[PDB]
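Visitor:
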Amino acid sequence: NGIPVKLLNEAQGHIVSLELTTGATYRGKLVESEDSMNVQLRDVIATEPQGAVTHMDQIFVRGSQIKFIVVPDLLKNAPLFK
Amino acid sequence: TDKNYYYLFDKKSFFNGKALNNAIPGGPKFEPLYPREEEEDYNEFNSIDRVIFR
Amino acid sequence: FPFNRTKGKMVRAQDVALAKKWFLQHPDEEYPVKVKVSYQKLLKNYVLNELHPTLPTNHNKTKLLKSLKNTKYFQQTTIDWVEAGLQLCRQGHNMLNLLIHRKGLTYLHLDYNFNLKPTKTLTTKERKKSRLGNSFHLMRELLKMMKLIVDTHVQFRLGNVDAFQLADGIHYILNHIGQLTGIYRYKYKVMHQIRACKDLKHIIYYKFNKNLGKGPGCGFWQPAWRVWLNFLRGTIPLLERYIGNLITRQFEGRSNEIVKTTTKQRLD
Amino acid sequence: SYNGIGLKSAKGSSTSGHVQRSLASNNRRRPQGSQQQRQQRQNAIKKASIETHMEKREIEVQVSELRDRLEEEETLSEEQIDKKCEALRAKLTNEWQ
RNA sequence: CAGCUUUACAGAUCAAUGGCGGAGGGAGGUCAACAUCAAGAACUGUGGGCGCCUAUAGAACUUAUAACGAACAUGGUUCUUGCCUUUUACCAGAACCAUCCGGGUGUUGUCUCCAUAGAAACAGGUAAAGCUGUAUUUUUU
RNA sequence: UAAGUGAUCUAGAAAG
Ligand SMILES: [Mg+2]
């Protein structure tokens, strides 16, 4: 099974960042993920390529359109790796 | 092979008996650790006026 | 424990206990009173041992034999056990005679069975000279016991007595130490040992003669033997202080002893 | 010692310290069934030897019922129910002298 | 039937880098010497932070109805007991203590019985062992 | 209508 997916799952709870193919970055508490990176977040900001920020409550995001997901540095320490 | 068989035939049980000057009838008996200082003096505690004997 | 596993450290034949288990168990019902009493006694003996844990020497690696080996004066062979026993009997006998002769009393004659007794009737001075004490007598008793077990094995070796018979003889010796030869006279804590042996006999015989009837021919000397071995352990020390002391005296006999007023007598 | 009864210690005693439980003990225990006779005799010898409140309770019950009825069917206002209840009470009083 | 890691293989240029390297025994003795095995559940060092924290690590053995013993003796001392009346020799309990018969573990050293090679991986094959695999919406059609 | 199960100390030798 996908180790990045696993990592993402683990990160559940944390304040993750999230950019799409469109280039619109989000940053907030990760709620839920799946095998395909079907992310959900809570209490999340949303900045476009221009730079104008927009706050929002509950966002769901589809893994296909997701570019990359930034997790906090805490999960580097442990423990799903080895 | 049943461990529960040794109920009140444990070493611990024996020790307790010895301490309390109380023979489990099957098992051994010893000189009491402590001399039975019979000096209750008919107190209001542990009296036969007070306790029940069911 | 014993069979649960399929690997282990080896215990000494001494350090196995085959009687123990029975007495630990609740006694089998419809036994006589005496047997029950014996069982109880055994339990008590066990329990006391358990209770007071005698934790052994941290320091002392140097056992007696090792030290001896480290000298040039001992050398070592492999010997038949009966032969060894015989040697012990002879050597022991020699020792007791030699010591006795040194003491001057040549009129107390040792049997080769170790029963010491006097040749004539001793005059009073002679008697005074020649009263051996609790050390020497104990040693003699021990030697006698050894001879008895060794003697039985010798007999067995010779065509004189069957293997079963030999076993039975051994068992008898170990139980009857008390009657067979006075140790108890000289050291009356051997009485405990004797009692233990008796108890074992009572237990063992009742186990062994269940469907089978009353009679002589019960072997199974092991627990009795073990008991005697353990008794001997205690003695080793006591005898080494006692017998050793005596021999020291014989070579170099005390200068200025100090009496002690903690005695009831002489205090006032 | 077993059930508080055995001789404390075997030593000193100058005896086995053996303890048969007695069969007089049983006898002593038992005659409340079989002393019993005496008790029976004794027994034989000494063998031969509000409405207003209720009404009030009833009234209370009636009142409660009335209240319930009022609650059920058109009595959001208190005055009506209270009035009716009062009337009922009066009636009850009349009935009981 | 693909892929990579290791042995068994030729003949290599042999750099490159690894890993087995000052590359050299094994099995055992009723064989030793030493260390160490009852303590804050308890181990030992290492530096660093400054007798104590924080990372490193190491750790053989013995322990939870608590112990080196699935085993059980004997002493000595007090105190209390018992047989007793003098003591030893004893009764049986207690508290401290010791002695003893044993036990491991580790390190050496020996004694015995069997034995003897100082260099192989890379380009990839030949053969065998370890694991993975079996285009129509979220990964590569 | 229901009795009657079990608790069992010891234990000798010297000198005086
Ligand atoms: Mg005198």
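Protein chains in written order, with the entry's author numbering: chain A, 4 to 85; chain B, 323 to 376; chain C, 484 to 751; chain D, 2 to 50, 64 to 111.
Note that the Cβ used here is the ideal one computed from N, Cα and C, for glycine as well.
Applying the 10 Å Cβ sphere with the 16-neighbour rule, what's the burial state of residue 122 (chain D)?
Guide: Given that chain D is displayed from residue 2 to residue 111, the structure contains no residue 122 (chain D) and the question cannot be resolved.
Visitor: For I562 (chain C), count neighbouring Cβ atoms within 10 angstroms of its own Cβ and tell me buried if that reaches 16, exposed if not.
Guide: For the purposes of this step, residue 562 (chain C) is identified with residue 79 of the third sequence, where counting begins at 1. Burial call: exposed.
Visitor: Should residue 92 (chain A) be labelled buried (16 or more other beta-carbon atoms within 10 Å of its own) or exposed?
Guide: One cannot answer for residue 92 (chain A) here, as it falls past the ends of chain A, which runs 4 to 85.
Visitor: Give me whichever residues DSSP pairs with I69 (chain A) in a beta bridge.
Guide: Along the first sequence, read from residue 1 onward, the residue named residue 69 (chain A) stands at position 66. Note: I69 (chain A) sits in a beta bridge opposite A:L23.
Visitor: What number of angstroms, rounded off, separates the C-alpha of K9 (chain A) from the C-alpha of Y329 (chain B)?
Guide: In the first sequence, the residue the question calls residue 9 (chain A) occupies position 6. In the second sequence, the residue the question calls residue 329 (chain B) occupies position 7. Looking at the two C-alpha atoms, the distance is approximately 53 Å.
Visitor: Alpha carbon to alpha carbon, how far is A646 (chain C) from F639 (chain C)?
Guide: In the third sequence, residue 646 (chain C) corresponds to position 163, counting from 1. In the third sequence, residue 639 (chain C) corresponds to position 156, counting from 1. Approximately 6 Å between the Cα atoms of the pair.
Visitor: Three or more C-beta pairs under 8 Å: does that hold for the segment 527 to 547 of chain C against the segment 600 to 612 of chain C?
Guide: Counting Cβ pairs under 8 Å, fewer than three are found: no touch.
Visitor: Pick out whichever of A:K79, A:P82, A:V73 and A:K85 has its Cα sitting closest to the Cα of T28 (chain A).
Guide: Stepping through the first sequence from its first residue, residue 28 (chain A) is reached at position 25. With distances taken between Cα atoms, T28 (chain A) lies closest to A:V73.
Visitor: Would you give the residue range spanned by the alpha helix (DSSP H) that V565 (chain C) belongs to?
Guide: The sequence position of residue 565 (chain C) within the third sequence is 82, counting from 1. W564 to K586 is the span of the alpha helix (DSSP H), which, as asked, contains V565 (chain C).
Visitor: 8 Å is my cut-off, CB to CB: does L534 (chain C) come that close to chain B?
Guide: By 1-based counting over the third sequence, the position of residue 534 (chain C) is 51. Interface residue, yes.
Visitor: Spatial neighbours of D46 (chain A) within its chain, please: CB distance less than 8 Å, with the 5 preceding and 5 following residues excluded, ordered by chain position.
Guide: If you number the first sequence from 1, residue 46 (chain A) lands on position 43. Excluding sequence neighbours, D46 (chain A) sits near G31, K32 and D60.
Visitor: Under DSSP, the beta strand (DSSP E) around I48 (chain A) begins and ends at which residues?
Guide: In the first sequence, residue 48 (chain A) corresponds to position 45, counting from 1. Run containing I48 (chain A): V42 to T50, per the beta strand (DSSP E) assignment.
Visitor: Taking 8 Å as the threshold (beta carbon to beta carbon), is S14 (chain D) in contact with chain B?
Guide: Residue numbering aside, residue 14 (chain D) sits at position 13 when the fourth sequence is read from its first letter. It does not; no Cβ of chain B falls within 8 Å.
Visitor: Quick one: what does DSSP say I730 (chain C) is sitting in, helix, strand or coil?
Guide: Mapped onto the third sequence, residue 730 (chain C) falls at position 247. Note: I730 (chain C) maps to helix in three-state DSSP.
Visitor: Please identify, using Cβ separations under 9 Å, the residues of the segment 504 to 536 of chain C that lie next to chain B, in order along the chain.
Guide: Answer set for the segment 504 to 536 of chain C: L507, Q508, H509, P510, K519, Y522, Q523, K524, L525, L526, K527, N528, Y529, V530, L531, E533 and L534.
Visitor: So, at 6 Å on beta carbons, what are the nonlocal neighbours of residue 377 (chain B) in its own chain, with the 5 sequence-adjacent residues on each side left out?
Guide: Only positions 323 to 376 of chain B appear in this structure, which leaves residue 377 (chain B) out of reach.
Visitor: How many Å lie between residue 61 (chain D) and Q37 (chain D) at the Cα?
Guide: The structure shown gives no position for residue 61 (chain D): in chain D, residue numbering passes from 50 to 64 with nothing in between.
Visitor: Going along chain B in order, which residues have a C-beta closer than 7 Å to the C-beta of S10 (chain D)?
Guide: For the purposes of this step, residue 10 (chain D) is identified with residue 9 of the fourth sequence, where counting begins at 1. In chain order: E353 and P354.
Visitor: Tell me where the beta strand (DSSP E) around residue 438 (chain C) begins and ends.
Guide: Absent from the model: residue 438 (chain C). The displayed extent of chain C is 484 to 751, so no value can be given.
Visitor: Strictly below 9 Å CB to CB, what residues from chain B border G34 (chain D)?
Guide: Indexing the fourth sequence from 1 puts residue 34 (chain D) at position 33. Under the 9 Å cutoff, chain B gives no residues; its nearest Cβ is about 18 Å from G34 (chain D).
Visitor: Got a sec, what are the start and stop residues for the beta strand (DSSP E) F63 (chain A) sits in?
Guide: Here residue 63 (chain A) refers to the residue found at position 60 of the first sequence. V56 to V64 is the span of the beta strand (DSSP E), which, as asked, contains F63 (chain A).
Visitor: If we call anything under 8 Å between Cβ atoms a contact, is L571 (chain C) one with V637 (chain C)?
Guide: Stepping through the third sequence from its first residue, residue 571 (chain C) is reached at position 88. Stepping through the third sequence from its first residue, residue 637 (chain C) is reached at position 154. It is not a contact, given that the beta carbons lie outside the stated cut-off.
Visitor: Taking C-beta pairs closer than 7 Å, name the residues in chain D that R358 (chain B) reaches, listed in chain order.
Guide: Residue 358 (chain B) sits at position 36 when you count from the first residue of the second sequence. Chain D residues near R358 (chain B): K9.
Visitor: Quick check on the burial criterion: 16 or more other C-beta atoms within 10 angstroms. Buried or exposed for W110 (chain D)?
Guide: Sequence index remark: in the fourth sequence, residue 110 (chain D) carries index 96 (1-based). With fewer than 16 Cβ atoms within 10 Å of its Cβ, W110 (chain D) is classed as exposed.
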